[PDB]
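Participant: Sequence plus experimental coordinates follow:
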Amino acid sequence: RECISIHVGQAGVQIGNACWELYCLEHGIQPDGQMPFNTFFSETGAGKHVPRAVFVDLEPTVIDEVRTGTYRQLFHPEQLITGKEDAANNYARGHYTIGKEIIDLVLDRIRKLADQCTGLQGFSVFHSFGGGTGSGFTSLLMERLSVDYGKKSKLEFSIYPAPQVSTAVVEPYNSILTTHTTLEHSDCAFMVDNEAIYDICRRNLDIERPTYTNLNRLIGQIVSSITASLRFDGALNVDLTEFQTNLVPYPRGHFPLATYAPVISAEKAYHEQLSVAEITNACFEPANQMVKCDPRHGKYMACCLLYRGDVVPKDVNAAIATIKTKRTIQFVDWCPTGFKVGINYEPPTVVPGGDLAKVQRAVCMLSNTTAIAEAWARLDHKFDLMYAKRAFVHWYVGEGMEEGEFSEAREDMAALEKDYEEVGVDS
Amino acid sequence: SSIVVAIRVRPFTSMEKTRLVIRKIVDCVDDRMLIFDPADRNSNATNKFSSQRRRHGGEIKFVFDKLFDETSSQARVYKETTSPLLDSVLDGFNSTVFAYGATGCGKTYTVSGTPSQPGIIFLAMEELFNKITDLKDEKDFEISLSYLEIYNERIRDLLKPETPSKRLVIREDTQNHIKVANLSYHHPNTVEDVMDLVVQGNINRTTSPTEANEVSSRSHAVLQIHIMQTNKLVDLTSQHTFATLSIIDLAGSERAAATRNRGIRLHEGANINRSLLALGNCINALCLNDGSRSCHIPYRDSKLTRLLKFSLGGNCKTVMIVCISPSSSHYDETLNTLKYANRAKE
Amino acid sequence: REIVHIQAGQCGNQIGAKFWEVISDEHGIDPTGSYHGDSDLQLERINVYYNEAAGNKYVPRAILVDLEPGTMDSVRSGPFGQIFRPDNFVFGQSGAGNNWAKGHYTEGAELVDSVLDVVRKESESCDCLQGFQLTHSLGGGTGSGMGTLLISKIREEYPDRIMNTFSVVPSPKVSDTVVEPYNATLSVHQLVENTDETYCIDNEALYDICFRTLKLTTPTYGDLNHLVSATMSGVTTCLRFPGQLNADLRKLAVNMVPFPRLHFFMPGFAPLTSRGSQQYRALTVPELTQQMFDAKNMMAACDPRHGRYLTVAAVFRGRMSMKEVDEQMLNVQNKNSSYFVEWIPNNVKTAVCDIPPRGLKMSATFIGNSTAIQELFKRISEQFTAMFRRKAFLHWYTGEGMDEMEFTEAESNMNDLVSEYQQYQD
Amino acid sequence: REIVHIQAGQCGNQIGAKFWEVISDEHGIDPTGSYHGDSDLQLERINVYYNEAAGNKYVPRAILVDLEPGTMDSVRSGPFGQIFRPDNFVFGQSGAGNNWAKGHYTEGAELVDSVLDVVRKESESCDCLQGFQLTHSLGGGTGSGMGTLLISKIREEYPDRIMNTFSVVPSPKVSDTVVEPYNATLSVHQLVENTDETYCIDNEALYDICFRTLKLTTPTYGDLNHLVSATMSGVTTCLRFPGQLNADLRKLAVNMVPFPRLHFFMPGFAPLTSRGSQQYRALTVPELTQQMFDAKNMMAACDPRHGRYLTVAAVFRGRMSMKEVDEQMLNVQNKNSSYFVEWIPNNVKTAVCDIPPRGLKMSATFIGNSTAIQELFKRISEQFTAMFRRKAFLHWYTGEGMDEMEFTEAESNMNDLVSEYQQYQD
Ligand SMILES: CC(=O)O[C@H]1C(=O)[C@@]2(C)[C@H]([C@H](OC(=O)c3ccccc3)[C@]3(O)C[C@H](OC(=O)[C@H](O)[C@@H](NC(=O)c4ccccc4)c4ccccc4)C(C)=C1C3(C)C)[C@]1(OC(C)=O)CO[C@@H]1C[C@@H]2O
Ligand SMILES: CC(=O)O[C@H]1C(=O)[C@@]2(C)[C@H]([C@H](OC(=O)c3ccccc3)[C@]3(O)C[C@H](OC(=O)[C@H](O)[C@@H](NC(=O)c4ccccc4)c4ccccc4)C(C)=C1C3(C)C)[C@]1(OC(C)=O)CO[C@@H]1C[C@@H]2O
Ligand SMILES: Nc1nc2c(ncn2[C@@H]2O[C@H](COP(=O)(O)OP(=O)(O)OP(=O)(O)O)[C@@H](O)[C@H]2O)c(=O)[nH]1
Ligand SMILES: Nc1ncnc2c1ncn2[C@@H]1O[C@H](COP(=O)(O)OP(=O)(O)NP(=O)(O)O)[C@@H](O)[C@H]1O
Ligand SMILES: Nc1nc2c(ncn2[C@@H]2O[C@H](COP(=O)(O)OP(=O)(O)O)[C@@H](O)[C@H]2O)c(=O)[nH]1
Ligand SMILES: Nc1nc2c(ncn2[C@@H]2O[C@H](COP(=O)(O)OP(=O)(O)O)[C@@H](O)[C@H]2O)c(=O)[nH]1
Ligand SMILES: [Mg+2]
Ligand SMILES: [Mg+2]
């Protein structure tokens, strides 16, 4: 029942920081690993349990922050893999010249972890699409990892190149090149828009000035509910492969949206009275989508609802019945139902120094929909435009990345878009 | 005006014949009509239902101006395409011959091959020389030969590497005259000596010592024939013009990253791909801007594009040549270079 | 990693001297080379610009090149004579005298090896060489001659490393030589071909900024160089400490050059305000971007609003909201959609570092790849042409072995540069 | 929300200086810009008129425009030189010299952008711009020239925002220029077309008030401007704190302009009494309305009782009974039914704010849209005509490129204004 986490570039690492902070909080584990859970922490005889994680950055910077900051004592030094020269927002360099120089070490460290791990369920990769050290390197690693562990589940939690705003101008390229690897090798991928989150921080948490710290904490909190939640023994312990069983209808379509519906400020925690139906209803409102997408313009393929803390199955069922009664949101016509429920007994995790106020229960939604496919069209336009001018193409050609690879990457993305169109239309 | 795209393959040998269990990816079904095989009926998956695949299930149709195959002899393939280019040179404007492919795909072999067969350079001189001696009684022939290699973005004197690259500067005139600095220029006294210099050049070319192609030229080269014929008669219009024929060669390019791609292999590999990009930029700009009204072409991307500033772009004609492999071991490379040729066509 | 800083000519040396003042102060380094800073992050990447000599003496990873002894003397006599290493002081025969051919082709060429030997010595003291930074003028003669001379030589040694330069551009109304076009044209001819990124700074533009915004009664060269040094630091400051979004010379190039050759940038710096007006500052990200995208605060003479933005880098300093920054970037591109090149989806590349410049609560620096810069090239080309048509002053270069062909070739190639920028402007 | 205050010309600047004294005092702001008030409501809407700079320094959302350096100097040398922001001090070439064409058409036109840039900077520091307030004279030349010049420019930028102005009107018996009609006529010609509301204040009327009611031995400009500033505050005071009935520039316009073009208002102020007579005051709503509807307390020279009231705004300050106020409004309209325009059912718009002017127990301000004001326009038009018939002084504007057609067109259009007010009077 154990798993391995992987972190790349800067984003994957920073997100990881939030995740491992949460896990420590959940299990009472100290910054030096001391406990005063074995699926995240390798058992240590001294009590200093150590994270099952691989950290990669071709420019140690963010890892040095970890090495010098808190939880430097938590993580094992062998896990903190760094390079010398960064990929620098170039998928091709991360994929090849630079990334390939450490990929051997990376795989060796993974192997050690996998040899230590008895009941390995799968992996959880944290990456972006912007940087090459995230995008390109992950592409390399996932291919290699897929070969070694064809029977293990590969989760990818990605930071989706936001449609409204971004920070690098060559993102479209790195994003589209990643797509044909993730779609090929991953078992389930998640796409998260920073801008959608910032918007959530503004509206729900009432934050005028939001940053990566709080943003990442929300993302990590979702992952806790997806994974760690199961490992606390609830009423309905839905397996990670059980998620796939019910969420995924085809060989493809590995793109669920992960939302969190108890997002709430400390002030609201006093006035607001939440419950099962209230929170469940909130997660189907085109506001907490965690991505620039409006479900109301597509259909629901599948929807897993994960509950934590003080919930009962009766109310959950009733809320779902109400949703199906509402009939505002559309479901795939050839999918009789699409609702699956996971239930914990353990409460929601609270971050000291956070904002997300303490609640008695929580809901996460993992939903497959045809609406999300529209987001790729926006990326297609961005790509097509820059591609038409071959802008920045020489940075990938300088690596040796075949021009035709870009056209192939697009076609694979377009295929994916087409599949979702067929799902919604056909009956 | 408009350019011509022509294509041909190496062959398959006992190395491919031994491999009984393989499906070919190249199938020329007619003249100018290439079908990319084989779709997808694989036993390594399913695919026993209405296809939801992007292209893995269909066939890719490539249409060119003159597609050839292993059946057609280079004696015809060359002349069919370049006999008019040679004549074009003498129509008041210059011309040029291109090539394309991955390393080991028949460049070096197709320009000449085993020393008993015809090829690009041999037939160029064979045909021209016959025309020279037939027309020697009408016009005076002052023809010269320019030799050139490109390696690490550096211009080398193909025949005399003893001269430093600083002594080679690529310029062009407003008359489209080829202005290259101190270079060992020679004359086409006979094809034997011409080809001997070509061999001397190929010896001097700086090669790979890595892959199975370890002769592997790994450098570009351009051989330019500068024809300055003059009149034997005196009259009011007696002003015979001049023009040239560029023979373009490329290093060859392997998959984005090879299993031992280190150091100088990365460095030159980048320089090769950058040079190929530069050609792609200029070719695509040229063709698209011929469709449009204004032609701004990025001739400064490479020294080759400076070298071809007018050979590729002026009031002239050229043929694109691409070498194709029928093996699935070159599936991506061949397919991508086919698309390249088609984009160059349009 | 480590970066080599080479200074060439009086101009470049004076700018560099101010630069090393700034970053030594930034990293807590006193005039002995000893570290007495208050942070630990000052030593986290001190290796980038300093050798750690026995006794913890931090020694500028820099090479001081000049052909006019006396300027080099003023460096040794200055506060950093105890800082710079003596074998990095490279000088000999008297200077070019605004003669590019003397600087590049002949007299300077004789002393190339004395520089390159030091380059090698510096390289082999490094754990990972990232690239080179050259500081020089574009018309001085020695700085512009030795500049492109050394650039060529260095790239031959390190073809895969980053060639960065900060070049002071001939300004319309600020002169001091009548062959400024000859030297600039001959220089840029070789600059483009052998450079990965170059920054164009006009003394005239700085003269305007240092009064219009800083209200200086007597703007001196030490103040103009100070403005330059601020932006020089910003370019690489991201490499020397933690930040929300990292950045790099390579990263910038990847996001700043869309077309190989178009790697000329305009530099700018945020909070520009006089000491009596600082009390009226809001010190907000909005405020900073108002200044960063203000044409009047650009250190190139050409006003960006006559062209378009191929791509922009906005590197911020200090604690701030990532959303706040992103919002402002969006507002800017929405505000002037006609200025930004539509071929790019997100026209602005951003980066945010956790540490503001000591004494500032929050700052930033601006790097613009605009098409407007073509106009500076045009102006210079016209001046060059006018003289060249009469072969004016040509004998000064003829006597060094320079022919006419070089000059016509250079200009032809300068026209290509302008044409390319115009190609990508509507 | 936020409102921009622009001052134009010496007159406008002196009035504005007094205005900012008043409201800074109202909101507890000292001469450093620091807040030391006793209420919390002083900071509730401080953003309306102040930027909050680092250190809590509150900076007038105002632009200081003049063409005569020296007046601007007196502002900087005054108590608010530490208050106003230095980049809001816009001045250059010497002033028009009572030449409207210099102020609007030529010399002033050259410096428009230097104002508008500041306007934009102010706009982008706002969360929600409501409108603009212009303070100027109607005959000065620069204040009247730059006035309508900037009004046109600003509306082009912000056509949907509120254009408010406080204009000092040429007074029958109080002069200082013989081209007062030329400047006024040329000004109002453009004023009407581009203004949403304008207030007409006569120095003569104030000269009368400041003696008749305030018994001042030596009424100075600082005292006349003081009277003006009181009413200026009242117009927008409702926006800056709580009240039983809110009010607004828009709200007023909606209830004060019945016919698009007729947006000229007479201003007044309640408790007007000398310091020896204040002890005899009742301080009741009745008393206040007796003063507010007293023709002698109107700050326009024209006596309202020669015309009719199209609509009246009565804005009250401090704790009071809503019924008491309503009763008095009824009594007034019943008392002088012949004065009020019968076409309107309730001729008086009221508002009541919870906070009186510091030091007063209860106050109010009066805004009247009367038809009587037409007589001021007539008088000026007649003076203009008499001169214009001889083309007197015309060469001063001819030399600036102004033709006769403008002058005849302006007067024709001035006649329309008067005619319209007469149309709506019996
Ligand atoms: C009391 C106080 O806050 O003083 C400020 C100050 O008044 C102002 C006006 C500073 C001042 O800068 C100048 O007046 C200036 C002089 C010549 C050329 C350019 C600028 C200041 O001198 C500059 C100084 O800058 C720094 O300390 C930065 O770390 C800066 N350092 C240097 O440039 C430097 C100067 C001397 C010796 C060593 C370094 C820096 C900026 C970017 C990257 C690295 C370092 C600061 C904040 C101030 C003073 C001291 C008055 C300003 O400039 C900078 C670069 O910060 C000018 O507009 C800004 C706004 C600041 O508020
Ligand atoms: C002991 C005492 O009660 O003194 C009163 C006073 O004697 C009288 C006579 C004041 C006095 O006003 C004048 O004498 C005056 C001088 C020049 C121009 C106009 C008026 C007073 O000066 C004015 C002052 O007004 C205020 O405090 C208001 O808040 C007013 N403030 C200013 O005008 C102001 C003056 C100087 C510096 C900063 C602001 C205000 C009114 C409307 C909107 C905002 C602010 C008051 C009540 C008084 C004194 C002090 C004697 C009166 O005026 C006002 C505007 O209240 C004149 O008739 C009223 C009746 C008042 O009772
Ligand atoms: N959600 C989230 N996104 C981040 C965070 N940090 C960076 N990003 C995003 O990730 C993008 C770049 O991803 P990375 O792979 O981490 O970039 P990098 O680590 O510098 O790797 P290279 O850029 O290739 O050198 C940025 O444009 C951001 O949009 C973070 O902390 N949280
Ligand atoms: N049409 C052909 N028939 C028989 N042999 C061939 C043919 N084409 C290529 N070859 C052989 O394959 C080997 C040649 O590779 P070539 O020399 O053809 O590679 P290349 O394109 O010049 N490689 P590179 O220099 O790396 O770009 C030669 O020894 C040839 O004999
Ligand atoms: N920015 C800046 N430019 C300078 C300075 N001093 C000189 N220059 C410029 O540089 C040019 C001279 O370059 P210089 O270093 O003297 O070259 P050299 O004379 O060949 O050694 C002049 O034309 C100036 O425009 C300075 O302190 N700062
Ligand atoms: N209300 C008031 N009006 C003034 C004051 N000073 C001047 N004026 C009037 O404004 C006119 C001059 O305007 P001014 O600001 O000097 O315009 P400018 O001369 O063009 O700059 C004079 O005719 C006066 O009637 C003052 O302090 N208060
Ligand atoms: Mg990185
Ligand atoms: Mg070869």
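Facilitator: Good, I have the coordinates. Residues are numbered from 1 along each chain as shown, chains lettered A, B, ... in the order given. Ligands and ions are numbered 1, 2, ... in the order given.
Participant: Could you check which residue of chain A lies nearest ligand 6?
Facilitator: Nearest residue of chain A to ligand 6, counting by C-beta to the nearest ligand atom: residue A:208, 42.9 Å away. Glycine gets a C-beta too; all of them are placed from N, C-alpha and C.
Participant: Excluding chain neighbours, give the residue nearest to that residue in space.
Facilitator: Using C-beta to C-beta, 6 or more residues apart in numbering or on different chains and skipping the chain neighbours, the partner closest in space to residue A:208 is residue A:202 (6.9 Å).
Participant: Of all the residues in stretch B:44-62, which ones are buried?
Facilitator: Within stretch B:44-62, the residues that count as buried by 16 or more other C-beta atoms under 10 Å in any protein chain shown are B:54, B:55, B:62.
Participant: Quick check: longest helix in chain C by residues?
Facilitator: For chain C, the helix that runs over the most residues, judged by DSSP state H, is helix C:404-423.
Participant: What values do phi and psi take at residue C:348?
Facilitator: The phi/psi pair for residue C:348 (degrees, to the nearest 10) reads phi -120, psi 120.
Participant: does it really touch residue C:314, like I thought?
Facilitator: Yes. Shown here, residue C:348 and residue C:314 form a contact pair, counting by C-beta atoms under 8 Å, at 5.7 Å.
Participant: so what's in contact with these two at the same time?
Facilitator: residue C:329 (C-beta atoms under 8 Å, 6 or more residues apart in numbering or on different chains).
Participant: Quick check: chain neighbours aside, which residue is closest to the residue in the stretch 301-427 of chain A that chain D sits nearest to?
Facilitator: The stretch 301-427 of chain A approaches chain D most closely through residue A:355 (23.5 Å), counting by C-beta to the nearest C-beta. Nearest non-adjacent residue to residue A:355, counting by C-beta to C-beta, 6+ apart: residue A:205, 5.2 Å away.
Participant: Could you list the residues in contact with the helix or strand hosting residue A:270?
Facilitator: Using DSSP states H and E, residue A:270 maps to helix A:268-271. Where contact means C-beta under 8 Å, 6+ apart, the residues beyond helix A:268-271 that reach it are A:206, A:357, A:358, A:359.
Participant: and which of these is nearest to residue C:259?
Facilitator: residue A:206 (45.0 Å; C-beta to C-beta).
Participant: residues contacting that closest one?
Facilitator: Residues in contact with residue A:206 (C-beta under 8 Å, 6+ apart) are A:265, A:267, A:268.
Participant: rerun that using 6 Å as the cut-off
Facilitator: residue A:265 (C-beta atoms under 6 Å, 6 or more residues apart in numbering or on different chains).
Participant: part of a helix, is it?
Facilitator: No. Residue A:206: not assigned to a helix; according to DSSP: H, G, I helix; E, B strand; the rest coil it is coil.
Participant: Give me the phi and psi for it.
Facilitator: Phi and psi for residue A:206, reported as degrees, to the nearest 10, are phi 60, psi 50.
Participant: Give me the neighbour count for the residue lying closest to residue C:426 once chain neighbours are set aside.
Facilitator: Nearest non-adjacent residue to residue C:426, counting by C-beta to C-beta, 6+ apart: residue C:308, 7.0 Å away. Look at residue C:308: counted by other C-beta atoms under 10 Å in any protein chain shown, it has 22 neighbours.
Participant: Quick check: the gap between the one residue in chain B that gets nearest to ligand 1 and residue B:210.
Facilitator: Sorted by distance to ligand 1 under C-beta to the nearest ligand atom, the residues of chain B start with residue B:270, at 34.5 Å. When distance is defined by C-beta to C-beta, to the nearest Å, residue B:270 is 15 Å away from residue B:210.
Participant: Could you do residue B:87 as well?
Facilitator: Using C-beta to C-beta, residue B:87 is found at 41 Å from residue B:210.
Participant: On the three-state scheme, the residue in chain B sticking out farthest from the centre is what?
Facilitator: The centre of chain B is farthest from one residue, residue B:49, which by C-alpha atoms, centre = their mean lies 43.3 Å away. Under three-state DSSP, residue B:49 falls in the coil class.
Participant: Wait, residue A:81 touches residue A:56, no?
Facilitator: Yes. In this structure, residue A:81 is within contact of residue A:56 by C-beta atoms under 6 Å, at 5.0 Å.
Participant: quick one, which of those two is more surrounded?
Facilitator: Between residue A:81 and residue A:56, counted using other C-beta under 10 Å, residue A:56 has the larger neighbour count: 29 against 20.
Participant: and that one, what does it touch?
Facilitator: A:8, A:81.
Participant: strand partners of the one helix or strand it maps to, parallel vs antiparallel please.
Facilitator: Using DSSP H and E, residue A:56 maps to strand A:53-57. Partners of strand A:53-57 in the sheet, by DSSP bridges, are strand A:2-8 (parallel), strand A:80-82 (parallel).
Participant: taking those together, which one is wrapped up most tightly?
Facilitator: Mean neighbour count, computed with mean count of other C-beta atoms under 10 Å in any protein chain shown, is highest for strand A:2-8 among the strands paired with strand A:53-57, reaching a mean of 25.
Participant: Quick check: residue A:329 vs residue B:54, distance?
Facilitator: Using C-beta to C-beta, residue A:329 is found at 30 Å from residue B:54.
Participant: what about residue A:425, how many residues close to it?
Facilitator: As a burial measure, residue A:425 scores 10 neighbours (other C-beta under 10 Å).
Participant: the more surrounded of residue B:87 and residue B:210?
Facilitator: It is residue B:210, of residue B:87 and residue B:210, that has more neighbours when counted by other C-beta under 10 Å, with 18 against 13.
Participant: And the residue of the stretch 101-250 of chain B that's closest to ligand 8?
Facilitator: residue B:217 (2.8 Å; C-beta to the ion).
Participant: Tell me how far that residue lies from residue B:15.
Facilitator: In terms of C-beta to C-beta, residue B:217 sits 21 Å off from residue B:15.
Participant: okay, the two: which has more neighbours?
Facilitator: Of the pair residue B:217 and residue B:15, residue B:217 is the one with more neighbours under other C-beta under 10 Å, namely 21 against 9.
Participant: where does that one land in three-state SS?
Facilitator: Strictly by three-state DSSP, residue B:217 counts as coil.
Participant: what do you get for residue A:124?
Facilitator: Assignment for residue A:124 (three-state DSSP): strand.
Participant: Just give me the longest strand of chain A.
Facilitator: Looking across chain A with DSSP state E, the single longest strand is strand A:299-309.
Participant: which neighbours does that strand have in its sheet, and in what orientation?
Facilitator: Looking at strand A:299-309 with DSSP bridges, what it pairs with is strand A:330-331 (parallel), strand A:339-343 (parallel), strand A:361-369 (antiparallel).
Participant: residue contacts, the closest residue in space to residue C:169 that isn't next to it in sequence?
Facilitator: Counting by C-beta to C-beta, 6+ apart, residue C:169 lies nearest to residue C:200, which is 4.8 Å off, once chain neighbours are set aside. Contacts for residue C:200 were tallied using C-beta under 6 Å, 6+ apart; they are C:169, C:264, C:300.
Participant: give me the element the residue minimising distance to the centre of chain B is part of.
Facilitator: Residue closest to the mean C-alpha point of chain B, counted by C-alpha atoms, centre = their mean, is residue B:99 at 1.9 Å. For residue B:99, there is no host helix or strand (DSSP H and E).
Participant: Please apply the same query to residue C:222.
Facilitator: Using DSSP H and E, residue C:222 falls in helix C:221-237.
Participant: quick one, longest helix in chain B?
Facilitator: Using DSSP H to define each element, chain B has its longest helix at helix B:264-291.
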